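See below for the structure under consideration.
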2 protein chains.
Amino acid sequence: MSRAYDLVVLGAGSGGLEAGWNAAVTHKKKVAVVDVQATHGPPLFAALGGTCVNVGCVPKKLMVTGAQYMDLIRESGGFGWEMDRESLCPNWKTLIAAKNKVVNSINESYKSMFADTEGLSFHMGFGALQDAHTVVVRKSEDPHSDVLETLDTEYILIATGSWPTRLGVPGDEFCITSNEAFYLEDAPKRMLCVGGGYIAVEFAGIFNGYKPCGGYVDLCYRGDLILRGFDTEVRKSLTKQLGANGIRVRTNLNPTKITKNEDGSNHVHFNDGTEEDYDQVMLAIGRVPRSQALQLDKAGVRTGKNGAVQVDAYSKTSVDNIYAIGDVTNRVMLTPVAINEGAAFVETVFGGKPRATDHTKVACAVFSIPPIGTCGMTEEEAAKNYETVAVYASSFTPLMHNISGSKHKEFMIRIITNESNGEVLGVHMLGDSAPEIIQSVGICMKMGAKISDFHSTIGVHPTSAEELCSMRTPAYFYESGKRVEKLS
Amino acid sequence: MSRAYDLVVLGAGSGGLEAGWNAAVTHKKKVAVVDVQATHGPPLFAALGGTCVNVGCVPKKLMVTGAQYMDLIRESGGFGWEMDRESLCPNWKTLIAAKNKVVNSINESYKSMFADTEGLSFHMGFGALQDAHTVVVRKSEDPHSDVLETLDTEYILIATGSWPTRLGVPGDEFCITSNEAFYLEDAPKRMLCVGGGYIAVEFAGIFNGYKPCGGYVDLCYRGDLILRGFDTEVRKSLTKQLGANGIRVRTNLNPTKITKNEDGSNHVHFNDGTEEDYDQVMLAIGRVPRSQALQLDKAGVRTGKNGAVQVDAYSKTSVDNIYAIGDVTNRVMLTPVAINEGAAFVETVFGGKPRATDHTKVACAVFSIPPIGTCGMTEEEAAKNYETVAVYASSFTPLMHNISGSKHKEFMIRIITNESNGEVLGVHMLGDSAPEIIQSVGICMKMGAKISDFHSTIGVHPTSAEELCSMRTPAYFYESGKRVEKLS
Ligand SMILES: Cc1cc2nc3c(=O)[nH]c(=O)nc-3n(C[C@H](O)[C@H](O)[C@H](O)COP(=O)(O)OP(=O)(O)OC[C@H]3O[C@@H](n4cnc5c(N)ncnc54)[C@H](O)[C@@H]3O)c2cc1C
Ligand SMILES: Cc1cc2nc3c(=O)[nH]c(=O)nc-3n(C[C@H](O)[C@H](O)[C@H](O)COP(=O)(O)OP(=O)(O)OC[C@H]3O[C@@H](n4cnc5c(N)ncnc54)[C@H](O)[C@@H]3O)c2cc1C
Ligand SMILES: CCN(CC)CCOC(=O)c1ccc(NCCC(=O)c2ccc([N+](=O)[O-])cc2)cc1
Ligand SMILES: CCN(CC)CCOC(=O)c1ccc(NCCC(=O)c2ccc([N+](=O)[O-])cc2)cc1
């Protein structure tokens, strides 16, 4: 009844790698972690540290940080910074160069974690399930290939994460995704970003910031308005400010045919039936769970709609000893969630006294050219699920953009309460510093905060943030139905 | 028993001007507001809108916004922004030019407020008290001079604010203050900022950002460490990062003699007994209340230490009908406070049901080269006033500054709880976006938040802010006395 390892993790992911460390250090279990790579190389993109550290949130943010400098360089002129204006385009070489260095140094950090840690062991391969207690480790994703190790274990945790969705049409093979986008040769001049997910809109921002001289970027969404699930007024204001920063947004539009020209570039045929050339199209259609190879069938774990592992509120699967977390499960699909989900699993199983991860009122951000910070319910949902909701709102252009001449940069806020009790159901912010503000906002909404607590708090004179504490008069209400004013 | 005006305000200040409007609009009282000026001119520096709008927080912030671009221009290089490096100094002309335009347009905003508003009247002069119900309006601060109006009123509100303190030594007349600093001719090459108040440290930052090529800035504090009353580790880390950004800090040092040279520049003699030349010395010694001219004696209002008006928790003075708010009172000396103090006065007097302004746990910021955001108690105080306090701390250098090569920019946080109950007594942050974060932090501490609520909240993956929700292990404690660990 004693296995070689107490716990095998399939994926050194933001969520998985956390679980492994927590088990091994606080509780001193014999832990094994499987992944596909040491460092952040292209062929198989993810690695030790997960999709976040290697081909997501971290490098993404560094490139977003880079692309911002376009606007800041431009903006400084107002405050009296005179310099080379003509032909000031940026150097994609030196960005990705210094980017890789950073990501590389984190992978290097993880190597000497495993070395230094008590009974935490890394195993480079492709984790499959043989049964409830046996984890195969092949050298190919191919179930035919050579077998490097056979890990015998009391528990399994599936933290394999997710993979880019692919639009099924002729020409599809010529496109790229977030993954390939991180290791592009040069900055694309003529760029198309297909889709309207937070990935598309960030990267549109990036390529637009790092486009060469003469170049442009188009965004191309299937539907009406980009960013489904966000506050519709933020969504509208963002599409506007992407307009004003160069990103040519197109809606109710989607490619069908792509074919590659003699110069290397790609020719594209659309829904409307127009034709344009781009140096790359990037498919940001979303992300499917990554359970396609693990053989969950063979161990008696079962998967619902399109691969997602069936779990409960304590992350246990169809089998009692097997568990799953983060993007594979399809619950939320963010890092600090997957990290919580994995940390709760350690308190659950190996820590005796259990706990479930709190999926409600999770604050998150979009790192778009002017970024979004959101936490909790929209109008769309709150008006439906609650009796009488009040909607507060206040857009404003900060003092400084009168000088900088980027007068398009309207900072927006909009609180969504339940009028019955005054409880803040959701806060939605668009503008510079929104992701930093929303974090501490999301602490307030965790404590069930009410609009009375917001405006009664004193405020800092010069920050965008203080306009949270100056919202008293609701702009309008939804009264158990559609939009209205305050009836008896 | 019917006066011409219900309420006379002495000072169209951030606090006073608010009171006037609130009375006049929600409650429809006959209101009069006195001030010294329409627009933001030098001779008498303040104006319609107050010290904040005219010669403080607003222009201050615009210049701080300007000076930041020095570092951002520099920093962009890492991310691949190649341009004119050599001799890229800024243009003080175009800053102050565009600054004034902005401030001017706010003064212009206030003119057409008074015009548009029901029974809100502006009166340009120097408000004195003749008695409990009579307000003189002279054309000089001089009590001898001509009398422009005599305002008859049921109530008076003294919101005259504050004025720069002056170090009493030979040469003092050659120096400047925040006030004169806003309308300087050119950027000073060789600058001295005397004092260690938040004003000094901001302006040091400004002149340092806007110094010409070859120039420098010295800060000169009377005592050991700049910024008394802030968290001593933030204070130390800031002095370090001001070092790294060029500001040569000097402590236990203070001038005695100043004398003006044949080229216009000023020669300075110090405590240690060294001699240096500066184009200006700016005295940021602090700010005294501005009750020196009003003749409070004559109306039976009385003033304590160095002019501050004696008030209670509902802002009433030594006389029942007279009140006072903001910097004149000496309670807190910030805008959004003075605004609350003035808004509560309207609920108090004219609104029937009264209220007192909540002076505890007021969040505020310092807009220094890397800024500070603080709310509530330090260790220094909490260890003294509470039984068993725990101190949490976590400094870190953001992902991006590995690329930008400003590796001095360490983001610091340090929560100070009471270990008995886990209540967050104070949060202290140093680094970029600290003032935006602290606002929503100060909402949490208004709701009496506890460190358990902080770390239990989920977190955004890429922001400095999320390191609030990752602090569990206290770094150390004070156990009813000095610094220690956890004894039975
Ligand atoms: C472009 C992009 C930007 C993002 N930005 C953000 C953001 O700003 N904020 C945020 O909160 N979230 C962001 N995310 C989401 C975040 O990356 C994930 O939600 C998070 O990494 C999920 O963690 P996880 O443990 O489920 O799996 P992951 O962290 O995805 O790790 C999965 C690991 O498992 C490995 N693996 C796969 N198959 C196998 C196998 N058979 N055997 C062994 N190992 C295997 C992979 O190589 C990988 O290293 C972003 C994602 C992307 C793609
Ligand atoms: C350089 C600087 C930077 C600052 N930065 C910040 C910041 O970032 N954040 C923050 O919260 N606070 C800041 N402050 C503080 C803020 O300016 C004040 O606390 C706030 O303005 C106080 O409001 P008040 O109503 O008491 O008086 P004030 O707003 O100071 O207004 C006083 C008005 O009364 C007028 N007056 C004077 N004497 C008379 C008289 N006899 N008759 C009629 N009128 C008269 C003056 O002309 C003036 O317009 C700063 C101050 C300075 C000097
Ligand atoms: C019956 C119609 N409902 C969808 C099944 C519409 C539900 O409400 C919407 O308005 C809605 C919701 C989601 C939605 N997709 C999310 C956007 C996205 O990232 C996306 C973009 C393109 C594709 N695509 O494969 O073309 C898919 C998702 C589009 C519209
Ligand atoms: C008995 C000594 N106490 C002061 C009466 C010291 C109390 O604790 C201090 O360490 C302390 C507190 C405040 C303090 N001054 C505030 C700093 C400031 O802005 C200032 C700078 C210069 C002068 N000055 O007139 O030289 C005054 C204030 C200095 C030291």
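So you can find residues: chains in the structure tokens are A, B, ... in the order shown, residues in each start at 1, and ligands are numbered from 1 in order.
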Once you count only C-alpha atoms, what closest atom pair and distance in Å to one decimal does each residue of chain A within 6 Å of chain B have, with rows by chain and rising residue number, as CSV?
```
residue,atom,partner,partner_atom,distance
A:66,CA,B:79,CA,5.3
A:79,CA,B:95,CA,4.7
A:80,CA,B:91,CA,4.6
A:81,CA,B:90,CA,4.9
A:90,CA,B:81,CA,4.9
A:91,CA,B:80,CA,4.6
A:94,CA,B:80,CA,5.2
A:95,CA,B:79,CA,4.7
A:336,CA,B:459,CA,5.5
A:364,CA,B:460,CA,5.6
A:436,CA,B:465,CA,5.3
A:437,CA,B:437,CA,4.8
A:440,CA,B:440,CA,5.3
A:441,CA,B:440,CA,5.5
A:443,CA,B:457,CA,5.5
A:444,CA,B:444,CA,5.6
A:457,CA,B:443,CA,5.5
A:459,CA,B:336,CA,5.5
A:460,CA,B:364,CA,5.6
A:461,CA,B:336,CA,5.9
A:463,CA,B:436,CA,5.9
A:465,CA,B:436,CA,5.3
```
Take the residues that were just selected and, keeping N, CA, C and O atoms, output them as a PDB file, in the first residue's frame.
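To be explicit, this is the file written out as result34.pdb:
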```
ATOM      1  N   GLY A  66       6.228  47.267 -23.083  1.00  0.00           N
ATOM      2  CA  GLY A  66       6.984  47.820 -24.202  1.00  0.00           C
ATOM      3  C   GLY A  66       6.153  48.686 -25.129  1.00  0.00           C
ATOM      4  O   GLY A  66       6.513  49.828 -25.414  1.00  0.00           O
ATOM      5  N   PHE A  79       4.455  67.954 -22.225  1.00  0.00           N
ATOM      6  CA  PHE A  79       5.133  68.386 -21.001  1.00  0.00           C
ATOM      7  C   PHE A  79       6.547  68.900 -21.269  1.00  0.00           C
ATOM      8  O   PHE A  79       7.260  69.266 -20.334  1.00  0.00           O
ATOM      9  N   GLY A  80       6.954  68.903 -22.540  1.00  0.00           N
ATOM     10  CA  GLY A  80       8.143  69.617 -22.997  1.00  0.00           C
ATOM     11  C   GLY A  80       9.346  68.746 -23.247  1.00  0.00           C
ATOM     12  O   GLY A  80      10.478  69.183 -23.044  1.00  0.00           O
ATOM     13  N   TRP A  81       9.108  67.522 -23.700  1.00  0.00           N
ATOM     14  CA  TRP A  81      10.179  66.605 -24.027  1.00  0.00           C
ATOM     15  C   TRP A  81      10.306  66.593 -25.538  1.00  0.00           C
ATOM     16  O   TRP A  81       9.485  65.994 -26.237  1.00  0.00           O
ATOM     17  N   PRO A  90       9.941  51.105 -33.154  1.00  0.00           N
ATOM     18  CA  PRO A  90      10.711  50.360 -32.161  1.00  0.00           C
ATOM     19  C   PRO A  90      11.426  49.135 -32.732  1.00  0.00           C
ATOM     20  O   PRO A  90      11.238  48.796 -33.906  1.00  0.00           O
ATOM     21  N   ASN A  91      12.212  48.469 -31.886  1.00  0.00           N
ATOM     22  CA  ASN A  91      13.054  47.341 -32.289  1.00  0.00           C
ATOM     23  C   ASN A  91      12.600  46.024 -31.635  1.00  0.00           C
ATOM     24  O   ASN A  91      12.994  45.700 -30.513  1.00  0.00           O
ATOM     25  N   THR A  94      15.264  43.609 -29.982  1.00  0.00           N
ATOM     26  CA  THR A  94      15.747  43.883 -28.630  1.00  0.00           C
ATOM     27  C   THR A  94      14.698  43.637 -27.558  1.00  0.00           C
ATOM     28  O   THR A  94      15.066  43.379 -26.411  1.00  0.00           O
ATOM     29  N   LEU A  95      13.412  43.703 -27.925  1.00  0.00           N
ATOM     30  CA  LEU A  95      12.307  43.363 -27.005  1.00  0.00           C
ATOM     31  C   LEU A  95      12.298  41.879 -26.689  1.00  0.00           C
ATOM     32  O   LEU A  95      12.442  41.479 -25.526  1.00  0.00           O
ATOM     33  N   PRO A 336      -4.077  32.988 -10.797  1.00  0.00           N
ATOM     34  CA  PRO A 336      -4.193  33.056  -9.336  1.00  0.00           C
ATOM     35  C   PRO A 336      -5.369  32.238  -8.788  1.00  0.00           C
ATOM     36  O   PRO A 336      -5.380  31.896  -7.601  1.00  0.00           O
ATOM     37  N   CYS A 364     -10.259  40.420 -12.076  1.00  0.00           N
ATOM     38  CA  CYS A 364      -9.293  40.159 -13.145  1.00  0.00           C
ATOM     39  C   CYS A 364      -9.097  41.410 -13.985  1.00  0.00           C
ATOM     40  O   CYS A 364      -9.828  42.395 -13.823  1.00  0.00           O
ATOM     41  N   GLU A 436      -4.364  47.739 -11.060  1.00  0.00           N
ATOM     42  CA  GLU A 436      -3.818  47.919  -9.720  1.00  0.00           C
ATOM     43  C   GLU A 436      -4.926  48.279  -8.729  1.00  0.00           C
ATOM     44  O   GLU A 436      -4.915  47.817  -7.585  1.00  0.00           O
ATOM     45  N   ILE A 437      -5.892  49.080  -9.173  1.00  0.00           N
ATOM     46  CA  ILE A 437      -6.993  49.510  -8.308  1.00  0.00           C
ATOM     47  C   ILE A 437      -7.883  48.307  -8.005  1.00  0.00           C
ATOM     48  O   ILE A 437      -8.134  48.006  -6.840  1.00  0.00           O
ATOM     49  N   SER A 440      -7.414  45.683  -4.841  1.00  0.00           N
ATOM     50  CA  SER A 440      -7.919  46.122  -3.543  1.00  0.00           C
ATOM     51  C   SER A 440      -9.447  46.383  -3.552  1.00  0.00           C
ATOM     52  O   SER A 440     -10.077  46.329  -2.503  1.00  0.00           O
ATOM     53  N   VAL A 441     -10.035  46.658  -4.716  1.00  0.00           N
ATOM     54  CA  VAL A 441     -11.503  46.686  -4.858  1.00  0.00           C
ATOM     55  C   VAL A 441     -12.084  45.302  -4.601  1.00  0.00           C
ATOM     56  O   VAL A 441     -13.060  45.160  -3.866  1.00  0.00           O
ATOM     57  N   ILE A 443     -10.901  42.993  -2.820  1.00  0.00           N
ATOM     58  CA  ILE A 443     -10.845  42.702  -1.379  1.00  0.00           C
ATOM     59  C   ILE A 443     -12.119  43.219  -0.724  1.00  0.00           C
ATOM     60  O   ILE A 443     -12.724  42.514   0.076  1.00  0.00           O
ATOM     61  N   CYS A 444     -12.520  44.442  -1.064  1.00  0.00           N
ATOM     62  CA  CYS A 444     -13.765  45.011  -0.543  1.00  0.00           C
ATOM     63  C   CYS A 444     -14.985  44.172  -0.895  1.00  0.00           C
ATOM     64  O   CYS A 444     -15.818  43.922  -0.034  1.00  0.00           O
ATOM     65  N   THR A 457     -15.726  56.486   2.496  1.00  0.00           N
ATOM     66  CA  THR A 457     -14.263  56.477   2.635  1.00  0.00           C
ATOM     67  C   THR A 457     -13.675  57.757   2.086  1.00  0.00           C
ATOM     68  O   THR A 457     -14.109  58.243   1.036  1.00  0.00           O
ATOM     69  N   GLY A 459     -11.039  60.425   0.354  1.00  0.00           N
ATOM     70  CA  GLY A 459     -10.303  60.185  -0.874  1.00  0.00           C
ATOM     71  C   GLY A 459      -9.048  60.969  -1.184  1.00  0.00           C
ATOM     72  O   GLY A 459      -8.900  62.115  -0.772  1.00  0.00           O
ATOM     73  N   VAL A 460      -8.126  60.325  -1.895  1.00  0.00           N
ATOM     74  CA  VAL A 460      -6.897  60.973  -2.321  1.00  0.00           C
ATOM     75  C   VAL A 460      -7.299  61.966  -3.400  1.00  0.00           C
ATOM     76  O   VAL A 460      -8.091  61.647  -4.284  1.00  0.00           O
ATOM     77  N   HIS A 461      -6.749  63.168  -3.337  1.00  0.00           N
ATOM     78  CA  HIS A 461      -7.108  64.220  -4.281  1.00  0.00           C
ATOM     79  C   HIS A 461      -6.779  64.032  -5.761  1.00  0.00           C
ATOM     80  O   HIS A 461      -7.589  64.367  -6.620  1.00  0.00           O
ATOM     81  N   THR A 463      -5.895  61.007  -7.676  1.00  0.00           N
ATOM     82  CA  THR A 463      -5.872  59.750  -8.403  1.00  0.00           C
ATOM     83  C   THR A 463      -7.199  59.377  -9.034  1.00  0.00           C
ATOM     84  O   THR A 463      -8.261  59.769  -8.564  1.00  0.00           O
ATOM     85  N   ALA A 465      -8.409  56.643  -8.877  1.00  0.00           N
ATOM     86  CA  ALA A 465      -9.071  55.755  -7.914  1.00  0.00           C
ATOM     87  C   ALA A 465     -10.126  56.431  -7.039  1.00  0.00           C
ATOM     88  O   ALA A 465     -11.154  55.820  -6.751  1.00  0.00           O
TER      89      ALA A 465
END
```
Around ligand 1, out to 6 Å and counting only C-alpha atoms and all ligand atoms, which residues are there? I want them as a ChimeraX atom specification. /A:10-16,34-36,46-52,56-57,126-128,159-162,178,199,294,325-328,333-336,338 /B:460-462
Would you mind exporting the chosen residues as a PDB file, in the first residue's frame, restricted to C-alpha atoms?
```pdb
ATOM      1  CA  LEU A  10       0.791  16.223 -14.674  1.00  0.00           C
ATOM      2  CA  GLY A  11       2.020  19.714 -15.550  1.00  0.00           C
ATOM      3  CA  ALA A  12       4.418  22.065 -13.733  1.00  0.00           C
ATOM      4  CA  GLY A  13       1.720  24.678 -14.242  1.00  0.00           C
ATOM      5  CA  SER A  14       1.031  27.839 -12.269  1.00  0.00           C
ATOM      6  CA  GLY A  15      -1.573  25.745 -10.437  1.00  0.00           C
ATOM      7  CA  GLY A  16       0.146  22.330 -10.509  1.00  0.00           C
ATOM      8  CA  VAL A  34       5.789  16.038 -14.912  1.00  0.00           C
ATOM      9  CA  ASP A  35       6.207  18.578 -17.714  1.00  0.00           C
ATOM     10  CA  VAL A  36       7.309  18.733 -21.330  1.00  0.00           C
ATOM     11  CA  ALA A  46       4.862  25.604 -22.417  1.00  0.00           C
ATOM     12  CA  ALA A  47       7.389  24.431 -19.849  1.00  0.00           C
ATOM     13  CA  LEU A  48       8.422  24.198 -16.211  1.00  0.00           C
ATOM     14  CA  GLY A  49       6.445  27.126 -14.713  1.00  0.00           C
ATOM     15  CA  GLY A  50       3.411  26.735 -16.966  1.00  0.00           C
ATOM     16  CA  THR A  51       1.641  28.614 -19.743  1.00  0.00           C
ATOM     17  CA  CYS A  52       1.708  31.691 -17.527  1.00  0.00           C
ATOM     18  CA  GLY A  56       1.352  33.928 -21.415  1.00  0.00           C
ATOM     19  CA  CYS A  57       0.743  36.479 -18.626  1.00  0.00           C
ATOM     20  CA  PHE A 126       4.283  13.341 -21.536  1.00  0.00           C
ATOM     21  CA  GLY A 127       2.150  12.175 -18.621  1.00  0.00           C
ATOM     22  CA  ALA A 128      -0.564   9.626 -19.402  1.00  0.00           C
ATOM     23  CA  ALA A 159      -2.913  20.332 -14.037  1.00  0.00           C
ATOM     24  CA  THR A 160      -2.121  20.133 -17.761  1.00  0.00           C
ATOM     25  CA  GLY A 161      -3.868  23.426 -18.530  1.00  0.00           C
ATOM     26  CA  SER A 162      -5.146  24.458 -21.981  1.00  0.00           C
ATOM     27  CA  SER A 178      -0.298  33.556 -28.920  1.00  0.00           C
ATOM     28  CA  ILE A 199      -5.690  37.608 -25.775  1.00  0.00           C
ATOM     29  CA  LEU A 294      -3.821  11.835 -21.086  1.00  0.00           C
ATOM     30  CA  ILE A 325      -7.104  22.126 -11.402  1.00  0.00           C
ATOM     31  CA  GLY A 326      -6.880  25.365 -13.423  1.00  0.00           C
ATOM     32  CA  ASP A 327      -7.478  25.535 -17.173  1.00  0.00           C
ATOM     33  CA  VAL A 328      -8.002  21.783 -17.677  1.00  0.00           C
ATOM     34  CA  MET A 333      -9.050  29.795 -16.549  1.00  0.00           C
ATOM     35  CA  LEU A 334      -6.763  32.239 -14.736  1.00  0.00           C
ATOM     36  CA  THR A 335      -3.510  31.757 -12.845  1.00  0.00           C
ATOM     37  CA  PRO A 336      -4.193  33.056  -9.336  1.00  0.00           C
ATOM     38  CA  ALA A 338      -5.472  27.748 -10.537  1.00  0.00           C
TER      39      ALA A 338
ATOM     40  CA  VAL B 460      -4.513  39.361 -10.363  1.00  0.00           C
ATOM     41  CA  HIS B 461      -1.397  37.673 -11.731  1.00  0.00           C
ATOM     42  CA  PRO B 462       0.584  40.641 -13.092  1.00  0.00           C
TER      43      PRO B 462
END
```
Residue neighbourhood residue 385 (chain B), 12 Å, only C-alpha atoms, exclusion window fewer than 4 positions, as a ChimeraX atom specification: /B:377-381,389,418,425,478-481
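In this comparison, which uses only C-alpha atoms and all ligand atoms, the residue of A:137, A:132, A:253, A:158 approaching ligand 3 most closely is A:253.
The nearest approach to residue 194 (chain B) among the residues B:152, B:71, B:218, B:233, with only C-alpha atoms taken into account, belongs to B:218.
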Distance filter 10 Å around ligand 3, atoms: only C-alpha atoms and all ligand atoms, out as number ranges by chain: A: 165-168, 194-200, 220-229, 252-255, 283-287
Selected residues written out, N, CA and C atoms, as an mmCIF file, in the first residue's frame:
```
data_model
loop_
_atom_site.group_PDB
_atom_site.id
_atom_site.type_symbol
_atom_site.label_atom_id
_atom_site.label_comp_id
_atom_site.auth_asym_id
_atom_site.auth_seq_id
_atom_site.Cartn_x
_atom_site.Cartn_y
_atom_site.Cartn_z
ATOM 1 N N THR A 165 -7.468 27.213 -29.403
ATOM 2 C CA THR A 165 -8.487 26.731 -30.335
ATOM 3 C C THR A 165 -8.106 27.150 -31.748
ATOM 4 N N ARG A 166 -8.587 26.386 -32.712
ATOM 5 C CA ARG A 166 -8.199 26.555 -34.095
ATOM 6 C C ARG A 166 -9.475 26.667 -34.916
ATOM 7 N N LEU A 167 -9.598 27.700 -35.752
ATOM 8 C CA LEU A 167 -10.782 27.827 -36.620
ATOM 9 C C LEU A 167 -10.636 26.854 -37.797
ATOM 10 N N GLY A 168 -11.628 25.981 -37.964
ATOM 11 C CA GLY A 168 -11.564 24.901 -38.950
ATOM 12 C C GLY A 168 -11.949 25.342 -40.349
ATOM 13 N N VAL A 194 -7.274 37.787 -35.353
ATOM 14 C CA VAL A 194 -8.625 37.245 -35.448
ATOM 15 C C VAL A 194 -9.107 36.909 -34.045
ATOM 16 N N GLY A 195 -10.390 37.171 -33.788
ATOM 17 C CA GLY A 195 -11.025 36.927 -32.486
ATOM 18 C C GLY A 195 -11.175 38.195 -31.663
ATOM 19 N N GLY A 196 -11.967 38.100 -30.595
ATOM 20 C CA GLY A 196 -12.219 39.223 -29.678
ATOM 21 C C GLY A 196 -12.093 38.851 -28.214
ATOM 22 N N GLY A 197 -11.257 37.851 -27.929
ATOM 23 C CA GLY A 197 -10.904 37.482 -26.560
ATOM 24 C C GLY A 197 -9.834 38.411 -26.026
ATOM 25 N N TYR A 198 -9.694 38.447 -24.702
ATOM 26 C CA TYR A 198 -8.686 39.293 -24.043
ATOM 27 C C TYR A 198 -7.258 39.101 -24.590
ATOM 28 N N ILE A 199 -6.984 37.918 -25.142
ATOM 29 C CA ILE A 199 -5.690 37.608 -25.775
ATOM 30 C C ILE A 199 -5.516 38.423 -27.063
ATOM 31 N N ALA A 200 -6.537 38.381 -27.921
ATOM 32 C CA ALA A 200 -6.568 39.148 -29.178
ATOM 33 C C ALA A 200 -6.315 40.642 -28.973
ATOM 34 N N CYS A 220 -10.329 41.445 -35.907
ATOM 35 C CA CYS A 220 -11.441 40.858 -36.659
ATOM 36 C C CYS A 220 -12.269 39.899 -35.800
ATOM 37 N N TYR A 221 -13.408 40.376 -35.302
ATOM 38 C CA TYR A 221 -14.262 39.603 -34.394
ATOM 39 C C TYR A 221 -15.432 38.982 -35.146
ATOM 40 N N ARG A 222 -15.842 37.780 -34.738
ATOM 41 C CA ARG A 222 -16.989 37.109 -35.362
ATOM 42 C C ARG A 222 -18.280 37.905 -35.163
ATOM 43 N N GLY A 223 -18.512 38.377 -33.934
ATOM 44 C CA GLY A 223 -19.765 39.062 -33.528
ATOM 45 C C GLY A 223 -19.826 40.588 -33.597
ATOM 46 N N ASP A 224 -20.646 41.192 -32.729
ATOM 47 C CA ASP A 224 -20.952 42.633 -32.786
ATOM 48 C C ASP A 224 -19.920 43.498 -32.090
ATOM 49 N N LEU A 225 -19.587 43.134 -30.853
ATOM 50 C CA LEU A 225 -18.762 43.963 -29.967
ATOM 51 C C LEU A 225 -17.700 43.095 -29.290
ATOM 52 N N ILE A 226 -16.446 43.548 -29.280
ATOM 53 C CA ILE A 226 -15.355 42.742 -28.705
ATOM 54 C C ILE A 226 -15.460 42.621 -27.184
ATOM 55 N N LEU A 227 -14.847 41.567 -26.654
ATOM 56 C CA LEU A 227 -14.864 41.246 -25.224
ATOM 57 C C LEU A 227 -16.260 40.904 -24.685
ATOM 58 N N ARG A 228 -16.806 39.756 -25.087
ATOM 59 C CA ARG A 228 -18.031 39.241 -24.449
ATOM 60 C C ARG A 228 -17.791 39.005 -22.962
ATOM 61 N N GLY A 229 -18.824 39.232 -22.156
ATOM 62 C CA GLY A 229 -18.759 38.998 -20.717
ATOM 63 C C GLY A 229 -18.272 40.170 -19.880
ATOM 64 N N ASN A 252 -18.561 41.412 -37.104
ATOM 65 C CA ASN A 252 -19.412 40.579 -37.976
ATOM 66 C C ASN A 252 -18.663 40.103 -39.223
ATOM 67 N N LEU A 253 -17.425 39.705 -38.978
ATOM 68 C CA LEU A 253 -16.452 39.462 -40.015
ATOM 69 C C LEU A 253 -15.548 38.351 -39.523
ATOM 70 N N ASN A 254 -15.168 37.449 -40.420
ATOM 71 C CA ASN A 254 -14.340 36.303 -40.057
ATOM 72 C C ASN A 254 -13.791 35.653 -41.311
ATOM 73 N N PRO A 255 -12.504 35.266 -41.309
ATOM 74 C CA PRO A 255 -11.987 34.682 -42.545
ATOM 75 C C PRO A 255 -12.547 33.286 -42.852
ATOM 76 N N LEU A 283 -4.680 33.686 -34.590
ATOM 77 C CA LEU A 283 -5.971 33.191 -34.152
ATOM 78 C C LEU A 283 -6.043 33.230 -32.623
ATOM 79 N N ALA A 284 -6.851 34.152 -32.100
ATOM 80 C CA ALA A 284 -7.099 34.276 -30.662
ATOM 81 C C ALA A 284 -8.553 33.893 -30.371
ATOM 82 N N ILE A 285 -8.914 32.705 -30.850
ATOM 83 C CA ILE A 285 -10.289 32.198 -30.806
ATOM 84 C C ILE A 285 -10.663 31.820 -29.367
ATOM 85 N N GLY A 286 -9.649 31.493 -28.563
ATOM 86 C CA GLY A 286 -9.825 31.158 -27.158
ATOM 87 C C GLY A 286 -8.830 30.081 -26.799
ATOM 88 N N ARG A 287 -9.246 29.162 -25.924
ATOM 89 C CA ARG A 287 -8.396 28.061 -25.450
ATOM 90 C C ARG A 287 -9.234 26.852 -24.996
#
```
Contact residues around residue 208 (chain B) with only C-alpha atoms at 9 Å, ignoring same-chain residues under 3 positions, as a PyMOL selection string: chain B and resi 67+189+191+203-205+211-212+215-218+245-247
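The space between CA of residue 259 (chain A) and CA of residue 174 (chain A) spans 7.5 Å.
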Check region 58-218 of chain B with DSSP on the backbone and list each residue it calls strand (DSSP E), as number ranges by chain. B: 120-124, 126-131, 134-138, 147-158, 162-164, 190-194, 216-218
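Compared by their closest atoms to residue 188 (chain B), and using only C-alpha atoms, the residues B:9, B:265, B:392, B:331 rank with B:265 nearest.
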Computed interatomic separation between CA of residue 482 (chain B) and CA of residue 417 (chain B) (Å): 15.5 Å
Find the spatial neighbours of residue 355 (chain A), counting only C-alpha atoms, within a cut-off of 12 Å - ignore same-chain residues fewer than 4 positions away - and output them as a count of residues only. 17
